[PDB]
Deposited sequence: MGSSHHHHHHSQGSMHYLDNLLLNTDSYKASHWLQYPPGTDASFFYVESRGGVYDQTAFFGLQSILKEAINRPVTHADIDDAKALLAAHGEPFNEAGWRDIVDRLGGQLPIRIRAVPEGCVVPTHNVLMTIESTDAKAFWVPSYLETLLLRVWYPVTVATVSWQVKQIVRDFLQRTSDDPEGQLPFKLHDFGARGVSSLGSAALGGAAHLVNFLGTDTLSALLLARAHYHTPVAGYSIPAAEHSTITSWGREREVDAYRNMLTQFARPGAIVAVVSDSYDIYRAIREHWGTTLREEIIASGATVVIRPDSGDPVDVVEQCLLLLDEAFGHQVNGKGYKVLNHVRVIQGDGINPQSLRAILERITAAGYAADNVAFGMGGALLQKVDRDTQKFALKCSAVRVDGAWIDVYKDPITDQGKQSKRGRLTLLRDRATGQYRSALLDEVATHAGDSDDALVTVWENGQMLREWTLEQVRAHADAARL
């Protein structure tokens, strides 16, 4: 929104004053971004394109400078007015930086250069450090994309073992429910979009809006009509079955998919007590796939139970792998899902003989909110400065061998393995490796740009 538009105020306060802290005769700076470890050994890189389009969407102006000079003096921070005025007057307000990055969607082992930021102007060498705050927030779409990607590898494994069509099934197995459980609208759009790197099912409309505006994708994902807790109960307990039948009247057509929520005990009652008998026929006659979502009881146990109970209500087919596929009905567990309980469910149900085709998984806050900058120990570090015309390495520990100097990422041509290297070694090892980064942004201009489909192809091709 409009009150946040000024780029000069999109930073931590203390970093506005960093230009005064450089040695005299400093001429240039070079930064890199990496995951220093954390929950997973590899990260799907995603979201930088959206961050750049949204946070650097116009030249800096004199009005930006006036506003930032006034606020920062009152707030108590020094502000390099003359430095910003020169950038506006001489460089047309375009940030004199070059950003290189691994193509979005690639999956890269931890401890590797994911992007570099370099100054492209001697006077305005300090601009990269000014952008650390907004750039380091790339940790969020990277981490969400990674969590979603890791779940995809678990689901893909079980579909490969138990499904006749594992890649036809896989895009719909993890559904984003996190729009209400995430901390703002912008994070819903960006984290939801990061999920869509790996799957097609989402209820986070904001992610469609971002994918459409920033990743050239008119309709990045899909969903289905689904019942709410509130709507069912408000019919009253004496007409509760009529609420479910109305779901069928409104949405159940051949080839259509409709979800209904119910607590686990009512599901058991409906299959035992024969008032659900007319619900079964209307379900069967509809030709629709009715997805049942249990919303009480143990997240793992209840899936297996629903499968067994629905099997006796609706029957099953045995597929080519020897696993049962229920007729007409499916189960989605939307509660308590994380990579461990998800794996537990899949282990439980396939051991019971049910194909992974039968179940889907909803994740909300656990996908979009329960991540932080430490999940993958994200860092954005200075690695080199040019002083008195000479580049000097910048680092803290000499060990982690530690990354220093002007850096890039290499991909080995035969194996596809990644490794970080000095820009000095992109020759030399030509023949065995190619430079895996690309220039995505330079001096106010976005250069290399991806569609979400291009992002999806990198992520889908990556395996554990």
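Asker: Quick one: where does the model skip the deposited sequence?
Answerer: Those parts of the chain that were deposited but carry no coordinates are 1-14, 415-418.
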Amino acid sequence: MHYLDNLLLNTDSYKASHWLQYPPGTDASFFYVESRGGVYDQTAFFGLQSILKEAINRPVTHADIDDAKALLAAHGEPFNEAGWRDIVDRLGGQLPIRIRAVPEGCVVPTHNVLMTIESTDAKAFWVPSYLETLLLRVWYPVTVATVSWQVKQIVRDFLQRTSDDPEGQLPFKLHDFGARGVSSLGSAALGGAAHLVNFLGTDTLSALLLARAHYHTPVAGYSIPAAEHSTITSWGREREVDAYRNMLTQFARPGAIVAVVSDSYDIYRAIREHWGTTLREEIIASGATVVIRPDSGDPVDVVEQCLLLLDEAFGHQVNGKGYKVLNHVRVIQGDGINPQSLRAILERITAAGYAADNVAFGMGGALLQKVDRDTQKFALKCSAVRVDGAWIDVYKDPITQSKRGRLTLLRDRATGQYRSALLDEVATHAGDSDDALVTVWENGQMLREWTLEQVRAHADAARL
From here on, numbers count along this sequence of modelled residues.
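Asker: Quick one: across the other PDB entries of this protein we compared, is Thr231 left without coordinates in at least a third of them?
Answerer: Result for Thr231: often missing, at least a third of the compared entries.
Asker: Among other entries of this protein with both neighbours modelled, does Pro398 go without coordinates in a third or more of them?
Answerer: Yes: coordinates for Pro398 absent from at least a third of the compared entries.
Asker: Tell me which stretch, 303-311 or 235-243, has the higher mean Cα B-factor listed in the entry.
Answerer: According to the entry, 235-243 carries the higher average C-alpha B-factor.
Asker: Can you tell me whether 52-60 has a higher mean C-alpha B factor than 22-30 in this record, or the other way round?
Answerer: The deposited B-factors put 22-30 ahead on the C-alpha mean.
Asker: Highest recorded C-alpha temperature factor, please, choosing from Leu174, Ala211, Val394, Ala379.
Answerer: By C-alpha B-factor in the record, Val394 ranks first.
Asker: For the listed residues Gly181, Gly186, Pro78, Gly168, which one has the largest C-alpha B-factor as given in the deposited model?
Answerer: Answer, based on the entry's C-alpha B-factors: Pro78.
Asker: What third of its chain, lowest, middle or highest, does the C-alpha temperature factor of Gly336 fall into?
Answerer: Ranked within chain, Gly336 CA B lands in the middle tercile.
Asker: Lowest, middle or highest third: which one holds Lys123 when the chain's residues are ordered by CA B-factor from the entry?
Answerer: Answer is highest: the recorded C-alpha B-factor places it there.
Asker: Compare the C-alpha B factor of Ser129 with those of the other modelled residues in its chain, then answer lowest, middle or highest third.
Answerer: For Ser129, whose C-alpha B-factor we compare with every modelled residue in the chain, the answer is the middle third.
Asker: Compared with the other modelled residues in the chain, in which third is the CA B-factor of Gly364?
Answerer: For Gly364, the deposited C-alpha B-factor lands in the lowest third.
Asker: Please place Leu447 in the lowest, middle or highest third of its chain according to the CA B-factor in the PDB entry.
Answerer: Highest third, going by the recorded CA B-factors of the chain.
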